[PDB]
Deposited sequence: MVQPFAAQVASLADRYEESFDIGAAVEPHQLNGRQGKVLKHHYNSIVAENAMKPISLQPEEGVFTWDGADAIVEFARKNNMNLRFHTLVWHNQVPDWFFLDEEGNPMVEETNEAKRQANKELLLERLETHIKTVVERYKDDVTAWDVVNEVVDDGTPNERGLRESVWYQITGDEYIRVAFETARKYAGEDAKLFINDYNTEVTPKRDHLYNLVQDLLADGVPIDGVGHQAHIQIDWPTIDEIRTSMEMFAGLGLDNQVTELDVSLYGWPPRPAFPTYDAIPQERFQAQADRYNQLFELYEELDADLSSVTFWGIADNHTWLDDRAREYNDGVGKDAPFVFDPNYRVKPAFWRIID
């Protein structure tokens, strides 16, 4: 019988001299023993979904603040830091951004000069969206994911992701997003570029050259968010260390923003059907990995300000959707230090020590 997580020592207190300890949350997870476990173990939170562009501005000029407000309210109640995820992304972003005035998709425009019109129109919509979102939460947010996932995985030229944003504006939306965010959040606000697989080449190198570029042009960036959607055996600790040291070497702060330690490889196949189908030895392999990982975080704590998990406990993780995707609709992952009943797992004991 592993104990309920309210009966164990605080992760946040354990790491207070090194970095914040954060969780992604939905608004329905903010009371009960969920809320109690949150208050006790975390001193930072982020919205898993409620602050994404489609959750905030689903139609032009139409802002839906209720979910994000609840999260903002919760962090304030419990004296927690707050990350904003995210001002710019290529998913969970409303379609109206990318349509011209006649209502046709900007990406299908073949007239080069009409494409320049579409560049300017889109950038002003971006600017307006950031301006409005940032105004409301400027006093509460402690770190902004200004752009998310703007670097691509392969292509060893520049390696920028050719989402709709890039197809329409090239790299200019990245510049505008950071410059707008600075103007409205304040000179002290901490502006992040956030991404997954930052640990491995060439993606690592593409992200490095992109932030190097933006810093060269006076674009205000303060840190790199490492999503750290990682596995048990990959990437190596030295790849993680090299990655964070490399971005620190550009005068950037590092944050670990979306940490989950999947029980599977990539792709996550074959998968366990239920949580209680998972053998105990996998939980011990996950704990071993967590230990090495947090020993590295502590080692790098001069350049690492916050470590946020992409969830609370194993009852709710986006990795189930990925497991289900590659295993014919059936599959459970288990990436956290707390299990589906909010009981501690072996990994908890290995990072609380």
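Positions of the deposited sequence absent from the coordinates, in order: 1, 158.
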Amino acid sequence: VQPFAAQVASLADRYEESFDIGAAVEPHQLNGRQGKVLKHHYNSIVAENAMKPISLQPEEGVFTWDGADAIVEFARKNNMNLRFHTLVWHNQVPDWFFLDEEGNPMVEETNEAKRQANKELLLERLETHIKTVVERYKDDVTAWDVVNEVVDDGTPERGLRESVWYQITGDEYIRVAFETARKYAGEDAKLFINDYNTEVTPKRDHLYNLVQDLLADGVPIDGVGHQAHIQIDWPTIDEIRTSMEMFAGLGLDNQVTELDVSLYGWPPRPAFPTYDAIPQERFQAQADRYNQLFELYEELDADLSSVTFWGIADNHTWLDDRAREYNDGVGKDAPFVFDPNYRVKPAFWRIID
From here on, numbers count along this sequence of modelled residues.
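Per the PDB record, of the two stretches 263-271 and 92-100, 263-271 carries the greater mean B-factor over its C-alpha atoms.
Two stretches are in play, 62-70 and 33-41, and the higher mean C-alpha B-factor belongs to 33-41. Between the residues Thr201, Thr132, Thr257, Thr86, the entry's highest C-alpha temperature factor is the one at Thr201. Of the candidates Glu26, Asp288, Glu295, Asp314, it is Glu26 whose Cα B-factor is highest according to the PDB record. For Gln57, the recorded CA temperature factor ranks within the middle third of the chain's modelled residues. In this PDB entry, the Cα temperature factor of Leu319 sits in the middle third of its chain's modelled residues. In the PDB entry, a CA B factor belonging to the middle third of its chain's modelled residues is recorded for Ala6.
Per the PDB record, residue ranking by Cα B-factor puts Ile21 in the lowest third of the chain. Among all modelled residues in its chain, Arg175 ranks in the lowest third by Cα B-factor.
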